[PDB]
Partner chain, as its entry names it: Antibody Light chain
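Take a look at this single chain, the form solved without its partner chain, given in structure tokens.
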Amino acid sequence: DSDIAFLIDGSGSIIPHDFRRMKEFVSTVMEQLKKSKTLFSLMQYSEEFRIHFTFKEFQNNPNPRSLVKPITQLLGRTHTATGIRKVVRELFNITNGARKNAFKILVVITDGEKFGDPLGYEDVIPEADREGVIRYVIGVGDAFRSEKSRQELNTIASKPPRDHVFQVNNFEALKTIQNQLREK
């Protein structure tokens, strides 16, 4: 009943240690929320976009660590807003394996520093809301240590943001999110 997409920040500001943390987080979530009728898809972004595995692909090889291990960091700039628009139109596309009727959940993993993107969040969130995409945000690095980045996470997250924003090293986030997914 659920199509859960990951939008992971692979921009150069993301330190290698943190990008690995992202991959570890993604893998654990997929292994945890592994519910028979739950598919996953992942797109990495910088100024470029890489769909690592579509829902159809996951459906063909539902092995998280197999799908995640090969992922290499793109580096470059941080076009988070464009990434969100592309996720909504591309990952949640039936030709990519996305299912009609299914709940749409997007997990954005970033340090909260959008940079270079011609789009602002104001240009993309209304569309995500209209297509029913529930948004969780996982902050890495110094995301929670600046006024700007904290608010960026809040802007991307569905409301109330406090219930949808988590720190990547809060290992208890996954079960909290899992608990919340029973209340979609």
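Residue numbers count along the first chain shown, from 1. We call the rigid core whatever largest set of C-alpha positions still superposes within 1.5 Å between the two forms.
Just so you know, the form solved in complex with its partner chain exists too; it's not on screen, but the next bit is about it.
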Position in contact with its partner chain when the complex is considered in the entry with it bound, options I156, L42, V26, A143, heavy atoms within 4.5 Å: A143
Its partner chain contact in the entry with it bound: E47, any heavy atom under 4.5 Å: yes
Proximity of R99 to its partner chain in the entry with it bound, heavy atoms at 4.5 Å: no
Interface membership of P62, its partner chain in the entry with it bound, 4.5 Å heavy atom rule: no
Core fit, then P16 C-alpha moves 2 Å or more between this form and the one not shown: yes
CA of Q59, rigid core aligned, shift of 2 Å or more between this form and the one not shown: no
Flag for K148, CA shift 2 Å or larger between this form and the one not shown after aligning core: yes
Sense of the change in Cα distance from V133 to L174 in the entry with it bound - at least 3 Å versus the shown form: farther
Inter-Cα distance between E131 and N179 in the entry with it bound, nearer or further [3 Å or more]: farther
